[PDB]
Amino acid sequence: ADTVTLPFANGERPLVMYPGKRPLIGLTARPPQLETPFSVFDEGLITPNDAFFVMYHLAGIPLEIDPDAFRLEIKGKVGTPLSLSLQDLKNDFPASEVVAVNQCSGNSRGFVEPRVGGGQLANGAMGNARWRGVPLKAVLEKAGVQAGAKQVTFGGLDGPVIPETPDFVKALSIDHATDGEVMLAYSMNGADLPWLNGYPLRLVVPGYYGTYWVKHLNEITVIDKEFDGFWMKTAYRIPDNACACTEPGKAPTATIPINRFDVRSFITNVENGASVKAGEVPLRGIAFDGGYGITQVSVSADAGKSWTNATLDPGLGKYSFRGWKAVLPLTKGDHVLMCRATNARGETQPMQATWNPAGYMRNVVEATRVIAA
Amino acid sequence: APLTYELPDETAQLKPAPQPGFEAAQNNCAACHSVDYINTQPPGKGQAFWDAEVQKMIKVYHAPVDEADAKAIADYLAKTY
Ligand code: HEC
Ligand code: MSS
């Protein structure tokens, strides 16, 4: 009455209930890491706040915050350092809004073969929301970025339990940070950020994996060198090649920081072994990428021997989940259903899964066996 | 007043075993995070995987664990998980 089992080895997880949240898949308690049940993704294109997944690295998360006393510090290679209240952010800067997917680097890690260490997630470490806030570009322009600036670092209120453990700090290039899309979000789906989603303020980095989306964000530093903190230099590294992949069991020869999303798609209204009525079977699901636009979603009912073009729903924005619908004729019997998306720059999904040591960036064509009767 | 957030009680526990590493793991592996991090790893990964997990905690994250306890813990994990 309070557990589920994810469809990979050692997949049992408690269903756990946190304040402001519906029951979610408990991965770890300290710090809290929570996965979204896959059924949620069939409930609508925008993931509700009460269902949105939660990931943290360090046990020392804030559990008391006075929104009035909170300040965002802007410092380093700027003309004028700033100390900004939430009221300053809401009043002194124009607001922007973006519907955007947040997805963990290791979303789907549990499906990687051979299995690799780390967060053993199914596909529920992703979610889509309407974020509202201040473009970072606007705040940095106010501070006055100096020539020679190379990167911006981002740090939050959370901290290591033991001071020698590397604090959670991430970095973006200056040109990225000032692009106008990178946002200082104070609102999620029209409400103050849920606590575990980074109340009162978080970075939103549309089209980039979630490690960059620093939560409880209070410290922004412009720097004139490449940041060499542990969580950029050592963690979150991908093979420096087109597939971001290596031969199973092999370490990459060169790496770079993880970056933009690859193309993904899911069928949401059916799961393994679902029953459907033989004849015209309606399928629906979602697709997303790093922001280039989903060009098409193709659907197969014969394990990829042939494809039917799905109709794409009206969009909510290039960074959002894109809905799609298809009606396929299914003969009586077993069918292996697949969907495969491509974007406007020709990125697509591989038919066979690739591998990397950290189990980041999985985007294989998803297969789902259904029974038509 | 500030706003506050209440976490539910932690209940995660390690799998008991007669190996001395069980108690050493109890005493050393819950100080920074809950032991569900261990409980949820891929099963039957074996000796080299758990040796590496334990060494990472000590060398990368600075877990205050001595050499003898490190072997005991890694051996207990490799046998149990
Ligand atoms: C603080 C000094 C720690 C001590 C004491 C131990 N570990 Fe740890 N561990 C630490 C951190 C900062 C993290 C990452 C948390 C995140 O969400 O990113 C971990 C993680 C793990 C994991 C997950 C797999 C991995 O990231 O390698 C495992 C399996 C794990 N820790 C096991 C483990 C054991 C066996 C320990 C006793 C020797 C132990 N941890 C202690 C930091 C710290
Ligand atoms: N501060 C902070 N932030 C932060 C963190 C931490 O830890 N801390 N994490 C990350 C990650 S890692 Mo992987 O790559 S995904 C992710 C994200 C999530 O979000 P949510 O929780 O809201 O969902 O967040 C982000 N941010």
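Data overview
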item: Estimated FRET transfer efficiency (A:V327, A:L15; beta-carbon r; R0 56 Å; 0.05); result: 0.95
item: Inter-site label distance for A:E97 and A:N241 at 7 Å from Cα along Cβ, in nm; result: 4.5
item: Filtered trypsin sites (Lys or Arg not before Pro), the stretch A:272-373: DSSP coil and at most 16 other beta carbons within 10 Å; result: A:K277, A:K305, A:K332, A:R345
item: Gyration tensor (Cα) of the stretch A:41-178, equivalent ellipsoid semi-axes in angstrom; result: 30, 20, 17
item: Descending Cα extents along the principal axes, the stretch B:19-81, whole Å; result: 26, 21, 20
item: For the stretch A:1-118, convex hull volume per residue from C-alpha positions, Å³; result: 187
item: Within-11-Å neighbourhood charge of A:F52 [Cβ basis; K, R +1; D, E -1]; result: 0
item: Gain in span if fully extended, A:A344 to A:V161, counting 0.36 nm per residue against the direct Cα distance; result: 61.4 nm
item: Residues whose placed amide H lies under 5 Å from that of A:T295, excluding near-sequence neighbours; result: A:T342, A:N343, A:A344
item: Calculated from backbone phi, Karplus (6.51, -1.76, 1.60) coupling profile of the stretch A:258-274 in Hz, x at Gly/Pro; result: 4, 9, 6, 3, 8, 7, 9, 8, 9, 8, 9, 8, 9, 10, 3, x, 4
item: Residue pairs, from the table A:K137/A:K225; A:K170/B:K56; A:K150/B:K45; A:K90/A:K170; A:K21/A:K142; A:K233/B:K45, whose Cα atoms sit over 30 Å apart; result: A:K150/B:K45; A:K21/A:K142
item: Estimated [θ] at 222 nm from DSSP helical runs (n ≥ 4, -39500 (n - 2.57)) normalised by residues in chain A, nearest 500; result: -1500 deg cm²/dmol
item: Other-chain or far-sequence residues with amide H under 5 Å of A:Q33's (modelled H); result: A:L27, A:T28
item: Residue among A:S265, A:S300, A:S39 with the largest mean-square fluctuation in a Gaussian network model of chain A, springs linking Cα atoms under 10 Å; result: A:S39
item: Ratio Rg/Rh, restricted to the protein assembly as shown and using Cα atoms, in which Rh is the Kirkwood radius; result: 0.97
item: Whole-Å semi-axes of the ellipsoid equivalent to the stretch A:1-259 (Cα gyration tensor, √5λ, descending); result: 30, 23, 17
item: Vicinal HN-Hα couplings computed from phi for the stretch B:5-15 (Karplus, 6.51 cos²θ - 1.76 cosθ + 1.60; Hz; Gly/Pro x); result: 9, 10, 7, x, 5, 7, 10, 4, 9, 7, 5
item: Centre separation in Å (Cα based) which lies between the stretch A:195-272 and the stretch A:146-185; result: 13
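Every read-out reported here was derived from the displayed coordinates using simple, explicitly stated rules and does not represent laboratory data. Virtual Cβ from ideal backbone geometry, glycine too; neighbours counted across all protein chains shown.
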